[PDB]
Structures are given as structure tokens and as C-alpha cells.
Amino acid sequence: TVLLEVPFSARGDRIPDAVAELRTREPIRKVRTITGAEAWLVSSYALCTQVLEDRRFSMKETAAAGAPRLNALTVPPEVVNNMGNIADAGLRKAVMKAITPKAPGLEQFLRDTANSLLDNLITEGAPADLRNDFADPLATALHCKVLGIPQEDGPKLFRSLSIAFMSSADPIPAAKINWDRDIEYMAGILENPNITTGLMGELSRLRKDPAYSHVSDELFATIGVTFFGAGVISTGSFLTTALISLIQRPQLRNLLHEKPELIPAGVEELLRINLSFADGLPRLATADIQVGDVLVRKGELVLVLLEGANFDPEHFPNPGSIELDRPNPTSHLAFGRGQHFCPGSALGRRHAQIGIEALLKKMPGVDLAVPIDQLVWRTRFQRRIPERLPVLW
């Protein structure tokens, strides 16, 4: 028999019980990736946190030529260090202030968009597709408002993502075509005088500010492309698979409908058990570092399995159960940890909270319209998503 291969399953509605047996017997284990490279798979909360909290496990260095690779680069190699380049241009504070849910009228725009999408579904009649006709259009509309771009440009940018976020063994020619086209669009936004709000509106005025005169134009447009794609694919995928977990639990669904003030705690447990990230977080060791029973050598690839940490019984007792009263509710790794902690976590939380709350009010009796096995799980992709999520209510 051959070396164990990752990823285990494209399914995002159950964790394979091989994860628990691996975490107990071998919390750091040698695996093979889709490119044929070997990597260290880390599946325990203690070791995942160690790897994420140690910058000698470098994300930037995963882009080096000849390194062992989890998948093929779908971006220019310098875009792998996206947040490092943003921080070096002095734009980190401005970017993060622009993508908070605390902007005036942002939460109200979400609820109106969520209610409008659910009303169209109700009017068309069951069955409805909650991913393509709810969760994804909501994520797309939210990021258009956050970036400051017209809502009508959302759909054409969204359809690049099924290729842009592939997990491929080989480079993808269409990924570069979509990237170049989406960069040109974002560069025109920076030259568009009608774009004065959101992230692109702020970046536009900073581009003309003397303190940013020697920041490259490619970087301003890269921020727009990279934050739209990362945000749309992460919020849309998380909300899609969180709705499945809710629907599968009619008692939890009724409780959140009856007492909607528990929705923030519900979303935190849905984040912890979430399987949206299809691969471990890749890091390349830049030194010899002891991890558990393994001396990781310089130049080797490390994969941080988030569901291994988030389903760890040593840190979350009874990990498969949704418990709205845990003592450590936000200590999960759904947003990462350390240097590269997700910069849009607050906006991702409010997107799911508002989407769920609107769904429970409009379709309180929402349930699957097909047996759970009939869902089609997207393969070789950086997220686990069903192609369609058909429901009745």
C-alpha cells in the first residue's frame, strides 16, 4: 500500500472517523498531496496552534520555486504574501477599517438583501437552491457594498471563483485569464470617479495621497481582486455548509428561531464544526523545528488540519455536538491563528448571523428537499461546497 493521501473526503457534512484515529495515534503524520509531494499533516489542537503561532513555519515561503506543494499556484507568487505586502505599504489599518461590519447601514443592507432573496425564493416556490439563489448572491452583494463597486458587476466577478479557488495538481490556464481580466477591471475602478465608498473608494484616495506615492498600482488592484475573491468564496461557502448543519438539527433550528439572541453563539459553534476548508493550511518550515514526535526539517511542507484542531476532544469535549454554552467558544481555528489570522472574521460572522436570522424568520420550517447523500460535493477545490442545496419549507 501507498502513503496516505490528502485530502480525505470532499464531503462537508460529516468528518471522516479516520481524522479521530489519526489524531490519537499520530497527531503529526507524513502524507502525500495531489502534486505528489510529501507533507506533514498536523491534526491536534496543541500541534496546530504551535505550527500556526510559529512564524518559522512560513506561509510566504510556500511560494518558493522547487518547494513541496500542496497544490498549484493560482496567483502570482508574490500575491501569496498578500497581507505582508499590504502591511509593508502602510495600508493594513486602512484595509481592516474598511472591511468591518461596523460601517453605518451595512448590517441593514445585509438584512434587506437577505429578505429580498428569500422573498424571490418563496414566490418561485419550493424547491429552492439555497447556495446559488441565497448564500452566494448574499456574499457577493455584501462584498460589492464593502468594496464600493456596483452591484451589477458582482455576478461576472463571482463566476471566476469556481476556477480561481481550485486545488489543482497543475497550473490552470483559465485561472490566469480570469486573474488578468479581474485585475484590469479593478484597475479601472481605481480610475473611476464614481467609486468613492468602500474599500476601493478608500484605496483610490490613498493612491493619490503623497504618503503612498511609491506604492505600486498593481498592489492597489490586487487588494480589490484578492479581497473580493477570498471574502465571497469564504462567506458563501461557510454559510452554505452552516445551513446544512442547522437543517440537519431541527431542535437547534427551532431554538434559534424562538430565541434569536442565541444566533451569535450558534454561529460560533457552526464555525467550530465547519468543514468549509478543504485542505490543511500550508506552511513551509524555514528551520529544523520539533513538532510532537517529529523533527520537521527545513524546506518541508506542513499542513494544518483545521477540523483536526476544531474536533479535538482534548480541547472541545464532545466535539461533534453543538453546545451553545462552552467555556472556550471562540478558541477554535475556523479563522486561523497567529500572524495570518483572518482579517475579515468580524464581517464573516455578521454575514452568517444575518443570513441565518433572516432564513429562520422567512422559512422557519426549512428542510432538505433531497436526501443528504444526493448533494454533489465539489472536488479538487479549496472549499467544500455542494453544487446545489435544494430545500423546501
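From 1 onward, residues are counted along the sequence shown.
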query: 78-86 versus 170-178 - which carries the larger mean C-alpha B factor in the record; finding: 78-86
query: Entry-level comparison of average CA B-factors, 112-120 and 224-232, reporting the higher stretch; finding: 112-120
query: Largest Cα B-factor, entry values, listed residues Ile149, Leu138, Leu281, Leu256; finding: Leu256
query: Identity of residue with top Cα B-factor, from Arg272, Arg131, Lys298, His214; finding: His214
query: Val19 - which third its CA temperature factor falls in, relative to the rest of the chain; finding: highest
query: Ranked against its chain, the third holding the CA B-factor of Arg69; finding: middle
query: Entry-reported Cα temperature factor of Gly348, expressed as the chain third it lands in; finding: lowest
query: Chain-wide C-alpha B factor ranking for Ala242, given as lowest, middle or highest third; finding: lowest
query: Among modelled residues of the same chain, the CA temperature factor third for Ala265; finding: middle
